[PDB]
Amino acid sequence: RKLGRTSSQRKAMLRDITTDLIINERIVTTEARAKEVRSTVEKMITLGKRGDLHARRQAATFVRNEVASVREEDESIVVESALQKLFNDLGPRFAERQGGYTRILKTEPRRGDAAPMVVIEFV
Amino acid sequence: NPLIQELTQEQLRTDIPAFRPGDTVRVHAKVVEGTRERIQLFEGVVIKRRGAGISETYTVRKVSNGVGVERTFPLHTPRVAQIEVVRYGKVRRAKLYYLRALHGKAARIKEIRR
Amino acid sequence: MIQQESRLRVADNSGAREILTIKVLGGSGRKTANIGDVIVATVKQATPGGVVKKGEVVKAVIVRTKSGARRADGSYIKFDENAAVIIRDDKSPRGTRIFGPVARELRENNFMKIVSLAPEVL
Amino acid sequence: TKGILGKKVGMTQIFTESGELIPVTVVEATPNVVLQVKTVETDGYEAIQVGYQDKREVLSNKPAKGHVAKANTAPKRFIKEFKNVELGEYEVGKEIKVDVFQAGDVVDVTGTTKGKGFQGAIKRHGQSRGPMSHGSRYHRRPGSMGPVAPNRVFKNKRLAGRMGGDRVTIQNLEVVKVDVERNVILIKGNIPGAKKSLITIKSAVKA
Amino acid sequence: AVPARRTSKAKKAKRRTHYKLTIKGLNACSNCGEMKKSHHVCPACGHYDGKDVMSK
RNA sequence: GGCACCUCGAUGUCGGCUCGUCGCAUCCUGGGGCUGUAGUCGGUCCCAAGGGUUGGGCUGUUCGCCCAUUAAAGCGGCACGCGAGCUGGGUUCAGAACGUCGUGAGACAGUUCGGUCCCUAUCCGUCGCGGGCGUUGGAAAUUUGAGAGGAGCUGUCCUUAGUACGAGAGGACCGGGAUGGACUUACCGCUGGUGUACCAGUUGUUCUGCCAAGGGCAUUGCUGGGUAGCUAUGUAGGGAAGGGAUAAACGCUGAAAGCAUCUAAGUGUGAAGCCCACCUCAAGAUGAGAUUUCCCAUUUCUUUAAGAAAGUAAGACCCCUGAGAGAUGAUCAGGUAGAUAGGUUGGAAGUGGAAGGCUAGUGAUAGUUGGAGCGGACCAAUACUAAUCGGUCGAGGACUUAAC
RNA sequence: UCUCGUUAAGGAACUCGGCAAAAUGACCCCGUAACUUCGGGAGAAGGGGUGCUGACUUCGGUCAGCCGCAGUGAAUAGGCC
Ligand SMILES: [Zn+2]
């Protein structure tokens with residue numbers, strides 16, 4: 001593994017990054033956080049493939065509690081809390097694809113620190 | 001790992017019954033005096049287990065004349081003739097280290113008829 | 001692992017109760033001592049009566065350490081205490097009764113007059 | 001004389017015929033082709049080249065496959081020599097199975113030590129720290145560097161620098177089994193090297 | 001301690017020789033023939049592996 | 001002790017700590033001669049520096065007295081070794097007191113209590129690790145050993161034998177065998193330690209609308225276990241046996257000196273010491289070594305010379321996935337001719353009985369569905385993701401003489 | 001190098017000197033010496049209990065039962081002679 005800070009700070013940083021990239025399917029950050037987050041995200045999508053209680057109540061600790069995602073209305077305001085998304089949209093979208101569902105792209109360093117940045121996608 | 005197992009099957013004794021830490025166990029050891037071969041009888045409480053394959057081990061905790069004693073044996077010895085569970089006790093830990101500070105009427109474990 | 005300035009116990013009917021080691025005879029600077037190795041100690045506490053008293057220099061032997069020897073087969077012994085049994089330079093004890101088990105490793109050292117008195121020889 | 005290379009798998013135990021556990025490591029091996037015979041009249045001494053593993057084909061170059069193919073094998077990974085062996089008795093392209101060490105019982109394994117990176121001057125020499133309290137400030141350092149008169153530092157004062165990574169041999173170890181059907185030896189004791197390293201075993205030197 | 005002399009003009013260079021700055025790994029892109037860094041997304045073309053990536 | 005050449009634009013004292021090193025006028029082990037040496041012990045002298053030479057009590061202590069061991073508890077040099085490496089206790093600041101001296105302010109190698117020790121390594125030096133070039137065509141590998149380093153310690157028991165010895169008393173040389181002490185080289189299968197992205201219990205308080213289930217914070221909240229990795233007090237081995245030339249000493253043969261006499265000519269024995277034997281580094285050994293295999297030729301002329309330039313072979317490097325390696329660089333495993341890492345499906349170590357239900361209870365809770373649920377580094381299997389496309393460098397082999 | 005956490009067996013052998021760390025630490029109950037200026041020493045020493053559920057609560061608490069290795073379960077909070 002790769003530490004960046006103390007323990008609990010790293011845990012919170014990952015529980016942050018993998019909650020985006022659930023909502024946007026794309027993210028532009030550095031190189032190391034990329035590798036650790038691809039591991040974590042792929043490990044938190046197999047839980048989207050069981051869909052029962054126990055997988056629900058185990059996934060429900062590695063996701064920022066409530067982060068709305070609303071692009072829908074029929075005559076209503078439907079709200080999707082970025083976990084319900086995990087169990088409603090990403091899940092049924094990977095049934096036949098087995099492990100390994102993220103792409104990492106090495107783009108270009110940054111202005112102030114020359115930290116070689118990177119992208120992350122899903123298909 | 002797989003290449004060793006194939007090298008270490010012919011020496012795995014195969015009559016050891018089931019017993020999890022917390023079961024009184026009588027152990028028929030093997031002793032050697034002069035040119036004889038007696039058979040001792042160490043008999044206590046199973047305390048430990050080092051899950052290892054060929055080299056799993058266990059320990060027993062007797063109390064003789066007010067002085068605790070412990071012996072640990074390899075699980076696959078040829079110099080142990082037999083083992084025989086006697087009871088079964090309610091217990092919630094996998095390492096009962098917390099006994100060495102308890103005496104008599106406080107270090108008893110409830111029985112289970114199973 | 002029993003070295004200088006450490007406290008054994010008397011497992012005998014000789015008159016002493018505690019003890020504090022002095023040396024680990026045998027070698028030219030040895031540190032420790034295990035089951036069945038001789039020792040030089042001087043009484044610290046004592047019961048009234050007895051042939052042994054405070055401030056006496058005596059030799060003793062180590063029975064049942066708290067990290068016991070290994071058996072050549074692959075088993076171990078690990079008691080709960082340490083203890084010693086006083087001696088007269090001829091492997092012959094002074095007291096006339098022994099309490100508490102003793103480990104087997106004495107039979108290999110001509111300490112016979114002891115084992116014939118131990119209630120349990122583990 | 002009797003020489004075999006091989007890998008290093010790990011360690012386990014084994015009971016002997018008298019109820020006595022024995023630590024034992026697992027030197028694995030495979031057949032291996034003698035590659036070249038060096039003679040007095042051509043190379044100044046007598047020795048034998050050997051090699052214990054099989055490369056792919058992508059991972060070599062025309063010199064290697066032109067130096068091996070005089071014995072018709074796949075190109076090898078390791079290549080070593082041996083001396084004091086009764087030469088005779090041999091051919092280009094023969095083999096050396098694990099048979100030669102039936103119960104030789106005396107053998108001198110060599111190999112390459114582990115690796116431990118830049119290290120202090122205590123994990124390399126057993127030098128003792130200074131009093132960690134009573135107001136001192138000399139916990140973990142390499143001592144003094146010598147006297148004053150010579151106005152220089154004598155050779156062989158020992159201080160920090162990479163630890164481990166150089167070869168070393170042990171002597172007078174036994175052998176316990178030879179499972180020719182799988183090409184595995186089993187010796188008594190600890191043997192140096194990391195897992196999957198390269199090991200060599202020859203007969204004893206001290207008779 | 002503290003220097004016991006000024007360093008000559010020569011020693012200054014003879015020590016600075018190993019103070020360089022090399023750039024490495026420059027490739028010709030495949031859609032615009034311009035120089036790009038191997039294993040890296042083309043900044044001007046936007047493409048990679050003959051495919052477009054940077055799009056929305 | 002003497003002298004006052006040396007240092008006043010400042011050359012810091014004793015002991016103890018870490019670290020050594022050298023001389024022998026030798027403390028133990030090794031070889032010897034003489035004895036007022038029966039034996040076991042011993043006395044002295046000679047050769048010999050290879051290794052080894054302890055824990056603690058009392059004082060600031062060197063010094064010393066004492067206790068307990070051991071083969072032995074050596075003497076000295078190195079700014080009475082070592083403070084830009086440590087301590088500052090001691091003697092030498094400002095406070096204060098006792099005894100004595102001085103009318104006094106103060107003093108006393110007399111005593112008692114307290115008291116500030118700074119420094120970011122430039123050069124050489126030592127420990128490790130890279131880049132450049134050389135070795136006369138360009139490359140991939142395997143080795144010889146001129147030299148250098150390491151290592152060298154020793155007890156106890158049994159048998160030989162209750163013999164030789166001796167009145168008894170007591171008790172061997174030379175041999176054979178077993179097992180220890182200290183020291184030291186490697187490793188994690190056993191016993192143990194650690195193990196902050198592993199498992200369980202439990203307090204407070206706050207958050208996810210509430211009950212149920214969970215997160216946040218409190219030294220990782222505290223407590224009980226613990227995988228891989230790194231580890232010693234754990235495991236395994238080591239100083240074995242020999243050779244050659246010598247030291248003190250002992251001869252053989254033999255004269256100068258019809259004898260005697262180891263010596264001048266001749267010829268031997270002889271020690272932990274010298275040189276080999278054991279382990280490691282080593283061709284920048286510019287006296288730059290040896291062997292196996294691989295790759296074989298354009299343009300103008302400077303003028304044909306050891307000419308200049310361009311494109312290639314063998315190969316190497318750049319770039320990317322990594323670790324059995326790692327401060328960076330290096331070494332090693334791989335780069336679609338693919339298991340290098342991630343992921344996925346199994347499996348193991350490890351915890352120790354998941355959630356949701358149901359039965360028994362008024363309730364705490366208990367039983368059952370089930371060796372369950374979870375499971376970082378470990379073992380297998382699979383190209384789902386990423387090692388794409390690419391680029392740079394890299395020879396065309398001088399002369400003289402002999403032989404063939 | 002500094003600031004922290006853990007440790008087998010031994011427990012002052014370190015050291016000028018237990019300096020530094022470790023150990024005790026809350027509330028309720030029992031009990032407590034020499035010595036004395038009679039006020040004190042005295043929180044002397046040395047010991048016991050604490051969680052949850054139900055019943056009875058005269059009032060304080062008493063009974064019964066349940067679980068854990070550990071019940072002021074974390075932080076705060078005299079070492080003694
Ligand atoms: Zn482009």
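This report concerns the structure included in the present document.

Each value, and the rule that gives it
Residues numbered from 1 in each chain as written, not as in the entry; some residues may be left out. Chains lettered and ligands numbered in written order. Part of a larger assembly, values for the part shown. Heavy atoms only, no water. Helix = DSSP H or I, 4+ residues; strand = E, 2+ residues; numbered from the N terminus. Contact = heavy atoms within 4.5 Å. Buried area = accessible area lost by both parts, 1.4 Å probe. Salt bridge = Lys/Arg side-chain N within 4 Å of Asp/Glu carboxyl O. Polar contact = N/O pair within 3.5 Å; in protein donor to acceptor, adjacent residues only side chain to side chain. Nonpolar A, V, L, I, M, F, W, Y, C, P; charged D, E, K, R; others polar.

Turning our attention to unusual backbone geometry. Within the chain, C:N110 stands out as a residue other than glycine whose phi angle is a positive 60°. For C:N110, the position within the fold is in the loop between β6 (83-87) and α1 (112-115). Not every positive phi belongs to a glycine, and D:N156 is a case in point at roughly 60°. Position of D:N156 relative to the elements: it lies in the loop between α2 (62-68) and β6 (175-178).

Facing the 13 residues of chain D at the interface are 13 residues of chain B. Note on chain D versus chain B: buried area summed over both sides is about 1200 Å², and carbon and sulfur give 64% of it. Linking chain D with chain B are one salt bridge. Between D:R182 and B:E6 there is a salt bridge whose closest N-O contact spans 3.9 Å. Counting across the interface, chain D meets chain B through three residue pairs in polar contact. Mapped onto the side of chain D that touches chain B, the elements with two or more residues apiece are β2 (11-15) and β3 (21-28) of chain D. If one sorts the elements of the side of chain D that touches chain B by residue count, β2(D) sits on top with five residues. Residue composition of the side of chain D that touches chain B, grouped by class: six nonpolar, four polar and three charged.

The next thing to look at is the arrangement of the chains. By contact count, the dominant pairing among the four pairs of chains in contact is that of chains B and C. Structurally, chain A and chain B remain out of contact, their C-alpha atoms never closer than 24 Å. Nowhere do chain D and chain E come into contact; their C-alpha atoms are at least 17 Å apart.

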